[PDB]
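Single-structure report; data block below.
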Amino acid sequence: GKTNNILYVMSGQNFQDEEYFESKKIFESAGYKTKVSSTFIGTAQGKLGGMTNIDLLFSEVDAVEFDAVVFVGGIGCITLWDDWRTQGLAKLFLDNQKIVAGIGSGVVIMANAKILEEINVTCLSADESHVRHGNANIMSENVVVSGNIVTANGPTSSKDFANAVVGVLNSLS
Ligand SMILES: [Cl-]
Ligand SMILES: [Mg+2]
Ligand SMILES: [Mg+2]
Ligand SMILES: [Mg+2]
């Protein structure tokens, strides 16, 4: 049931540009087509002004159509941290044996969904309160692969994060 598709979950405004755009280029080059889910259908705009269109509402996501979900951070992500829909997607993908990945502030959604309890992760330095509150173990690394869970510590690690996600996906058929 491999699809060669990756889903992003991110805020429609003020998502972290580098985390999205730099990972997208790597995912595409590797043969993984990407879609964006958010809170409305239309044009999203990053913190730094970069635009992209939102393909899907969270409510329209079907896990069977994707191999992985990627939670993108940025200051706009804070609006999604306590949202039952984004947490619900984290759990949905985990329970369906998909890859669940987050970068920067996106990791907090995963922590709040209780999918990082006793799991080794990394995260944005500023967010370590939330991540530790979710019982995760914070590792001194830019990117951490823990089975099907992949985390990274923010925009400075966007390319390393994407490469790590591709590595996990390419080991699947
Ligand atoms: Cl929705
Ligand atoms: Mg407990
Ligand atoms: Mg709590
Ligand atoms: Mg502990």
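Going through the structure tokens in order, the chains are called A, B, and so on, while each chain numbers its residues from 1 and the ligands are numbered from 1 in the order shown.
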| Who sits within 9 Å of residue 14 in chain A, only C-alpha atoms, same chain under 6 positions skipped, as a list in words |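 Residues near the query, excluding close chain neighbours: residues 44, 45, 46, 47, 48, 49, 73, 74, 75, 76 and 77 of chain A.
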Next, dump the selected residues to file, keeping only N, CA and C atoms, as an mmCIF file, in the first residue's frame.
```cif
data_model
loop_
_atom_site.group_PDB
_atom_site.id
_atom_site.type_symbol
_atom_site.label_atom_id
_atom_site.label_comp_id
_atom_site.auth_asym_id
_atom_site.auth_seq_id
_atom_site.Cartn_x
_atom_site.Cartn_y
_atom_site.Cartn_z
ATOM 1 N N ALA A 44 -1.651 29.581 1.406
ATOM 2 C CA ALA A 44 -0.924 29.725 2.660
ATOM 3 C C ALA A 44 0.251 30.680 2.484
ATOM 4 N N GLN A 45 0.635 31.368 3.554
ATOM 5 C CA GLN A 45 1.783 32.276 3.487
ATOM 6 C C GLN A 45 2.686 32.068 4.691
ATOM 7 N N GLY A 46 3.970 31.873 4.413
ATOM 8 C CA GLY A 46 4.938 31.610 5.455
ATOM 9 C C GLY A 46 5.295 32.861 6.220
ATOM 10 N N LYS A 47 5.913 32.663 7.376
ATOM 11 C CA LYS A 47 6.461 33.762 8.149
ATOM 12 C C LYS A 47 7.298 34.715 7.294
ATOM 13 N N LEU A 48 8.083 34.162 6.375
ATOM 14 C CA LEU A 48 9.015 34.948 5.576
ATOM 15 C C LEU A 48 8.449 35.340 4.215
ATOM 16 N N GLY A 49 7.152 35.135 4.017
ATOM 17 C CA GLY A 49 6.455 35.600 2.834
ATOM 18 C C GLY A 49 6.270 34.589 1.717
ATOM 19 N N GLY A 73 6.617 23.540 11.643
ATOM 20 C CA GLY A 73 6.534 24.517 12.699
ATOM 21 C C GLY A 73 6.351 25.949 12.212
ATOM 22 N N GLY A 74 7.082 26.844 12.872
ATOM 23 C CA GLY A 74 6.908 28.273 12.712
ATOM 24 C C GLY A 74 5.995 28.818 13.789
ATOM 25 N N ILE A 75 6.050 30.128 13.984
ATOM 26 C CA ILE A 75 5.231 30.759 15.008
ATOM 27 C C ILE A 75 3.741 30.494 14.795
ATOM 28 N N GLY A 76 3.305 30.380 13.537
ATOM 29 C CA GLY A 76 1.906 30.083 13.285
ATOM 30 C C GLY A 76 1.462 28.716 13.792
ATOM 31 N N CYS A 77 2.406 27.794 13.963
ATOM 32 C CA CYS A 77 2.074 26.445 14.429
ATOM 33 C C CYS A 77 1.486 26.457 15.847
#
```
| message | Give me, as a ChimeraX atom specification, all polymer residues having an atom no more than 10 Å from residue 111 in chain A, counting only C-alpha atoms and skipping those fewer than 6 positions away in the same chain. | response | /A:81,87,90,102,117,119,121,130-136
| field | Nearby polymer residues, ligand 1, at most 9 Å, only C-alpha atoms and all ligand atoms, as a ChimeraX atom specification | value | /A:37-40,56-61,85-86
| task | Find the residues around range 155-161 of chain A up to 8 Å (only C-alpha atoms counted), leave out those fewer than 6 positions away in its own chain, and share them as a list in words. | result | residues 16, 18, 19, 20, 22, 23, 26, 103, 104, 142 and 143 of chain A
Atoms to include: N, CA, C and O atoms. Write the selected residues as a compact mmCIF listing (two decimals), in the first residue's frame.
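New file selection-v3.txt:
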```
# COMPACT_ATOMS: atom_id res chain seq x y z
N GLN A 16 6.76 27.92 9.07
CA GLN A 16 8.19 28.17 8.92
C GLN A 16 8.63 27.86 7.50
O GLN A 16 8.70 26.69 7.10
N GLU A 18 11.38 27.69 5.68
CA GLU A 18 12.47 26.80 5.30
C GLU A 18 12.08 25.35 5.52
O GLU A 18 12.44 24.46 4.74
N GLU A 19 11.37 25.10 6.61
CA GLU A 19 10.99 23.73 6.96
C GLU A 19 10.13 23.12 5.87
O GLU A 19 10.31 21.95 5.52
N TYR A 20 9.21 23.92 5.33
CA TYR A 20 8.36 23.47 4.24
C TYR A 20 9.11 23.43 2.90
O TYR A 20 9.19 22.37 2.27
N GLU A 22 12.30 23.75 1.88
CA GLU A 22 13.52 22.97 1.73
C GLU A 22 13.25 21.47 1.80
O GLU A 22 13.85 20.69 1.08
N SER A 23 12.32 21.06 2.65
CA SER A 23 11.98 19.64 2.71
C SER A 23 11.24 19.21 1.45
O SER A 23 11.49 18.12 0.93
N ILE A 26 13.52 18.28 -1.47
CA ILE A 26 14.15 16.99 -1.26
C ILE A 26 13.16 15.83 -1.43
O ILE A 26 13.45 14.83 -2.10
N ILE A 103 9.06 18.82 12.63
CA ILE A 103 10.23 19.67 12.67
C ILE A 103 9.92 20.95 13.40
O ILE A 103 8.85 21.55 13.24
N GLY A 104 10.86 21.38 14.23
CA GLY A 104 10.67 22.61 14.98
C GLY A 104 9.39 22.53 15.79
O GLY A 104 9.08 21.52 16.42
N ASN A 142 20.35 17.21 15.97
CA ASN A 142 19.55 17.98 15.04
C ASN A 142 18.35 17.22 14.49
O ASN A 142 17.32 17.83 14.20
N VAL A 143 18.51 15.91 14.31
CA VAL A 143 17.47 15.03 13.78
C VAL A 143 17.53 13.72 14.55
O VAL A 143 18.63 13.24 14.87
```
| query | Could you pull the residues within 10 Å of residue 83 in chain A, counting only C-alpha atoms, minus those fewer than 5 positions along the same chain, as a VMD selection string? | reply | chain A and resid 78 88 109 112 to 113
| Distance of CA of residue 146 in chain A from CA of residue 165 in chain A, expressed in Å to one decimal place |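 Going from CA of residue 165 in chain A over to CA of residue 146 in chain A, I get 11.0 Å.
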| CA of residue 7 in chain A to CA of residue 110 in chain A: how many Å, to one decimal? |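 Computing the Euclidean distance for CA of residue 7 in chain A and CA of residue 110 in chain A yields 14.7 Å.
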| Using only C-alpha atoms, which of A:94, A:51, A:30, A:99 sits nearest residue 67 in chain A? | A:99
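For range 86-148 of chain A, the set of residues given strand (DSSP E) by DSSP on the backbone reads residues 99, 100, 101, 102, 103, 120, 121, 137, 138, 143, 144, 145 and 146 of chain A.
Of note, CA of residue 120 in chain A and CA of residue 137 in chain A are spaced 4.7 Å apart.
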| field | Distance criterion (only C-alpha atoms): nearest to residue 124 in chain A out of A:162, A:72, A:63, A:169 | value | A:72
